[PDB]
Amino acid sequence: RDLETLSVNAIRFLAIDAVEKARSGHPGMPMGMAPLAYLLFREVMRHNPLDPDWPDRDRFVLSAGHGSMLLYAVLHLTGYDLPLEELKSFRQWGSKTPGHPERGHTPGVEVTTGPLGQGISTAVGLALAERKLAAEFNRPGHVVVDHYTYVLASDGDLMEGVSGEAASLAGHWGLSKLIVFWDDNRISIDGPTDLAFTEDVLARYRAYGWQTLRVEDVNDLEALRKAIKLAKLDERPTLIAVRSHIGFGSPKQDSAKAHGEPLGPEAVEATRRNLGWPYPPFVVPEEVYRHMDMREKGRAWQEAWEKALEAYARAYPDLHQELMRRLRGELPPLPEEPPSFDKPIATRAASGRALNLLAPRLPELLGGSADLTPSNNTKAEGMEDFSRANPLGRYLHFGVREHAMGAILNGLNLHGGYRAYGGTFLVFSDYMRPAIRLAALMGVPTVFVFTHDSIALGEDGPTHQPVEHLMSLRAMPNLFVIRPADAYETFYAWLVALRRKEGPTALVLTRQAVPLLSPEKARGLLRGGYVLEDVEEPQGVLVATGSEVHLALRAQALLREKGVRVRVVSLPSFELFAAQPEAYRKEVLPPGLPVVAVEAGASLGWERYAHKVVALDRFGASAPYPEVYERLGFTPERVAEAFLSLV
């Protein structure tokens, strides 16, 4: 009881002092939840501070990112590569201890959190990934996949709609190894939480199909242990409401003032006296460092996992080889030849065709849609629905939950073992923007499939027709936005996305059928931008993306008939094209030559490549295609005129 109390306080003051030194941060919650952090990293979780990437490690997600110091303290104390020096550099430029957790920047950080709801929702993807991977690879006497997903969430996390969406799915899927701890401290930024949050939280989670438990005092370690055991025995995911006092032990306890600002010298000294802590800032007694050290238990656990893999490899050669390849995120060779197309087809259907070819060769590939499966062409030939009764299914029905789908997709991609994509209409990328940005931030290669990319979708009308979407996504750092012009570019679009591991990729597809280009030409997509149809001594350029490339080709003909010669450039991806050497970019778009761009979307940003653009800067209309398309200004005649006005 002395080492526990001593270690818990160690976590508490490392948090208090780091925030005090930085004069910025959130000390309150780490102070109250310190006991849970201690329990998880020292007794409950199997993890290896020497290898934070050990595949069978239990995963902890700090959804309440503001309480970062709570995580940094326990990581430092248990042996991870996070020296005291870094804790003394909390929230400082270039430190490994940023204000909110950053996956891939700090050892042991599973998910980048801060925006509430993202951590707890992304964790559903992590839990889904473990459950599916276990079903695929475990065999009699061979348990190579066995770990839990733990989450620490705040009132804010539970108020966010995305967490509710993910919760609904987690219960639906029966994710029995997902365990969430809720810091029920009744305090929010605006003051008492009852100012805006009074629902029966646990009753709502029971409705989702979860198990709910309560721990009346976070300091009561035995209470926490018993709760966690009960949760592991239950076949449902579990939410444990844990009562705590924000700013425990200080004069600011139970006050929003303890939430996001340094305690101040007065409060610090008083806290030290109240909790009986004689140690100066950042100083922890060696006895705690010895009791908290997990380097030896970590080696032991990982070593045992590794020996288990040796046995597995003997009894199951092929399975072992595949598990290893997938856990290492290594793609198998990809087909080089696109599928055969013989007639006009929507890129969404061409995407479905590329997927029928790719999926059989990629057992790690998981797909899904937000209740638009027949409209997104995302269920590949061969894929079956995942469900409680069919844990092997590679296709996911996310329901009308774009946001949670994004978070779950990121979670599945973060776990290791899978590569997942999910579809919805481009317009609805608006419901999941936070998850898309989070993938871009964490460098997770989630693939977002967006169909119905323009007014050409027709009769559904303005509420469904994208306008600002292409440009809003292109402005986001670390996101490839690929809008293939035809069936063939669509195939190469998928290869680009799968091979791109640095960040997410958004594939933008049509509802309406569009002409085919030649497979030889379309391969140019691999360069982001290329010359589709060139001409002798070009007098200009018509640059287009996706479906408008076909409009451009028709305008080129009209121009040719009048003696004007312009080449046509297909620019499926701004980012990929910009990554090409300057010489290539200039060969495609020769300086001095007038350029006209064509894209059924907002014109903002096109000045980067064109002198004039045939775009759309107003909401759509409910009318059939191509009438809606033509009447809103997208005709070869208009493009031709646009160019003629430049010469």
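Residue positions are given as counts along the sequence shown, with the first one as 1.
- For the two regions 510-518 and 431-439, the entry's Cα B-factors average higher over 510-518.
- Averaged over their C-alpha atoms, the temperature factors of 562-570 and 457-465 are higher for 562-570.
- Looking at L327, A370, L526, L116, the one whose CA carries the top B-factor in the deposited record is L327.
- Highest CA B-factor among the listed residues (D617, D58, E599, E43): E43.
- The PDB entry assigns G67 a C-alpha temperature factor belonging to the lowest third of its chain's modelled residues.
- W93: CA B factor lies in the middle third for its chain, per the PDB record.
- Ranked by C-alpha B-factor against the other modelled residues of its chain, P591 falls in the highest third.
- Compared with the other modelled residues of the chain, the Cα B-factor recorded for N413 ranks in the lowest third.
- When the modelled residues of the chain are ordered by their C-alpha B factor, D157 lands in the lowest third.
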